[PDB]
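Single-structure report; data block below.
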């Protein structure tokens, strides 16, 4: 077995059929996943139950590049009276599906029809491949198909722009983007720096292609690096795959215009930046500072936005064996309960110290501004000084669903402080899919975790294959006859 | 289940043990 | 070796096998594009890593 | 343009080069001397 | 103040009993 | 035989060797200090 | 369509599994519970 | 306690009653264990890294040895020529018997120590105590890394065997 | 051919081989091993962890280290001319500068050194199984010094170069991560243990198998170096285990390639799991458990016991461990058994 | 096998060595010891004099607050103690 | 019931249905360093409460 | 020509003696408990 797939190192006959297949199991898995993802993505709501909530791993990737309409009649937007044509999550899925059984079909040709004309080198009576040449055109091609990416697609000159949203998950929407190659054209967030990239390196990917197709491989390189041995190109690439691998699994973790929030999830660093908060709050401040009441203020801040400031939507809190869509964890987010401010007899506005990343558990501590401890639910009750009740705290909700109320009975208050440590409290439907109560990471995070072991494992034999490359001769064994050296 | 699932995978390692200390394929001396 | 329509039209593309060239010959022109590249990669690396703060370049979600 | 860290980045580039030019220029001195 | 002298003396004593024994030569 | 002293197997030695005899030397000062 | 020469026999010895059958079956026991969660 | 997790409990308790991670003994278990791992990789490495030539990927290379033969499938000096070349010579092993021994030398030597370490603390001669050690001029307490280690200890210290002792000092 | 002139010198069998690798391996592998020592004995981390590092501060060998930078930093590579120190060794020294440093140089030293194997074994002429065996280690370091940090909060939370420094790192993981319960790490263990077991099972399996192919009562003069064939009869030893522990070897060819696997293998395992800790995506809870625990004050498993430790080894820690997140912990609030 | 080995295995016994080295060792030892005995060390890496950790009074810790202007903090956080 | 207090902590399978969880629990302080020979427990059920199985093994 | 042996004893004191200063500075140093 350990060598059972070596039967192709030579004859690119039954070798293409291999690639022709893996690559039909890939798109074979394509749409099939979508029908699955598709067959369980409750679209009914995009504000408290976005695709990225109910773990959806393939869906998110479609939207980004365009397909956002579905033959069901909806859209990951909210809108109900549109519908792209055959290019709805339906066809998209269906598409690959046909492709697989389609590619499969041909994969056959190439095993039975292994001995092929152009398959061998003329001058000699044996099979071989002008690598530097095939690369020449494959490369070139890459470039041209690329190039047009920004050229029409991403720009719209011919196609759906791409998904782009403004600073806070809110108004995201698939839309054309015009390149911007000034400096900012290099901000992982500036969409234009991605449609200007793809026209750039595609154009260049082209030149290179032409050059590499024409010019010839300078000996001291073709003889230094054992090219001519299909082996070398498998290592000279494993390395490029793992290279980019590592970074894709870096974009998801770290803000990145290709990795929209509204599509995969919140940046772990969005609960670390306290981000959402400094905003939501500034909004309660401009609304409040103008003609409006504390009760009217938060009412402005919309669900979507409040929901984001919740920890349960921070991929940071998952766990390796939290088997599923975030929804199973804390429950199916139903509606926002409304920001709550805690006070006491005195009336000072206490503040609930929050729980950060690492901790799967925290102690509810209340510190007013300036940072002094003013109340806290005590594990040790006997020498309790700040304990609620004794300083008698009470919370009041402004905005949201629980709005306008003011709770006073310890038990409850205490309860809110607990659901306070998670940030903004919401009401979860746990019953439907029988939640468990153990918030799981998001796909935004998941992705990041496989371009892990898959990136890490990759590198390692870029060493092993890249070692079967330069050490062909040895392997079978080093020369049974050497002298002193 | 599980409780069983666990016992089995075990009552097996005991099998695969019996099989390697008695159905070991003799080391030949040539 | 079996004949093939599309096939005849594929090689020579496949034929020019050991199409080696004179000495390392074109190497320097190559490693001179890498010099520009390796720096390239590094220039963004340091912009992303928030060490290379450029004018009018806010590396945040707040781009638009 | 002309940021304090664009500058530091150039200065870093040369210092990088500085150690390349010197290490590499001293490597062939001893290269061909035996 | 410091008998750090005594310890070093006692020290140098036997590792240099060998010196003299090696400089006088004496089946060690 | 005909041996030299300014060999690489020397440069190496003096890379880590001398700073160290310096470091340990600096150390005694470290173990006097107080307050 | 003449038979294929690059078709060598598929190698595997009677204790090769005795090495693997262990590894996988034991590998199972560990990684199991984390499945039952 | 014999069972996966009980191990850990048993362990964590320990680390919290004996600074056993702050031991120049437990070091020696790691010291060697963290060695044998480092070395098993070598002799296993090099050895395999030096095999004659008996099949040419027709099948495998692990056949370059029919059992019983008095030859040595692997080449000794062909081997050393490498490690001697990796880290300067004199540093790589020349004699093969002085090699294999060294392989029981590393493990056993420290794995014993550890064995002693625990066996030592079963009498309360625990790992190093540097809590606060490092001081200030007026006297403020300047923190030693090992001071942190103290909290992650005091932490487990307090919680372990909760509600099982009614006094302030754990003498066991 | 000037290219061959440089080459020529370089790879010339000196006393301690230099090489092309030498231009990468050697420098980085210097300021790193170096830098460590430099800060180990002179620099304080007091402005990042308000704790003492260097030997100058009074610190002990064990209690010394080049502490990661303040989390306030992020992952900024703290260049010397980095906008952080703006170019200033003294400060750049204070802002922890040495960390990104030591780590990164060691990064390239570990690279340069793995390449240090591929070079030699290719000149001397041997299987690339040494360098290949170095994957185990590049993983471990890469997993626990770059990816971990990067996927987490700051460079801060990454290990810190020292003993007690990493010893911390350990407890840290046992606490908020409960690493000891991970399938992976429980394999790393498998490797680092067995590999050692092998290193010795075989070690002394040898010293006590070989023959009388020398005279005296000592084995050092015994045949070699590569002459007469084999010191230990793999047959006389064989039947020793096949009768004691039931099963023994055959073919030293594999026993030398299963000795490689074991550790280099298991060691890679953990390295994966560890990436998992980056996204806090770890193995902490056993659902089936907490739920059965929740509603029953009479069900206790070690698991729960261990699980309580964590809270302890966390509540008491974190505050004085994570200074930048101004922890304010009242005496009550803090969990802790009865009487202790 | 082949070895371009230089002296070494004896050069410690070297009569000239333990001479031009009965001058270099101690000349290196004290060289550093001064880097210490002076107090330079501190000023080099910034390490605090055991009196310059906390100011004579205040009990906070000069934790580097931000990331881009770090140095500045340190600056004022340094002059602090006075 | 390891530690003395009568608060049995039995990880196991036919209770602690898991492999990482369960294990063989120790003897109980109660009968400390004392030899608890299965044939002491006035009831095998007693020899059970008090970690008796541990020792023997 | 200095006795290769004495080259090893005079030095084996260098560590044996320096580590002795080291071990003292831990009972009165800056890193003392007082």
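Per-chain numbering from 1; labels A, B, C, D, E, F, G, H, I, J, K and L assigned in written order.
Note that a residue touches a chain if its C-beta (ideal position, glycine included) is under 8 Å from a C-beta of that chain, and two chains touch if they have at least 3 such contacts.
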item: Pair of chains whose C-beta contact count is the highest in the structure; value: H-I
item: Chain whose averaged C-alpha position falls nearest the assembly-wide average; value: I
item: Length of the line joining the C-alpha centres of subunit D and subunit I, rounded to whole Å; value: 33
item: Distance between chain centroids, defined by C-alpha means - subunit A, subunit B (Å); value: 43
item: Between subunit L and subunit A, distance of the C-alpha-averaged centres to the nearest whole Å; value: 58
item: Distance from subunit I to subunit A - Cα centre to Cα centre, in angstrom; value: 30
item: Shared-contact residues (touching 2 or more other chains) in subunit I; value: 13-16, 46, 50, 55-60, 63, 74, 76, 79, 82-84, 86, 124-128, 132, 181, 186, 235, 238, 250, 283, 286-288, 301-303, 305, 311, 314-315, 335-336
item: Junction residues of subunit A - those touching two or more other chains; value: 3, 113, 115, 320-321, 475, 478-479, 482, 484-485
item: Residue list for subunit E, restricted to those that touch at least two other chains; value: none
item: Contact set on subunit G toward subunit B in their complex; value: 13-15, 18, 21-22, 25-26, 28-29, 32-33, 36
item: Sites on subunit I touched by subunit J in the complex; value: 12-15, 39, 42-44, 46-48, 50, 54, 56-58, 69-70, 72-74, 76, 83-86, 88-91, 93-95, 323-324
item: Residue ranges of subunit L touching subunit F (in the complex, touch as defined); value: 18, 21-22, 24-26, 28-30
item: Sites on subunit K touched by subunit H in the complex; value: 2-5, 7, 11, 19-26, 54, 57
item: Residues of subunit A that touch subunit G when the two form their complex; value: 1, 3-4, 7-8, 10-11, 14, 112-115, 320-321, 323
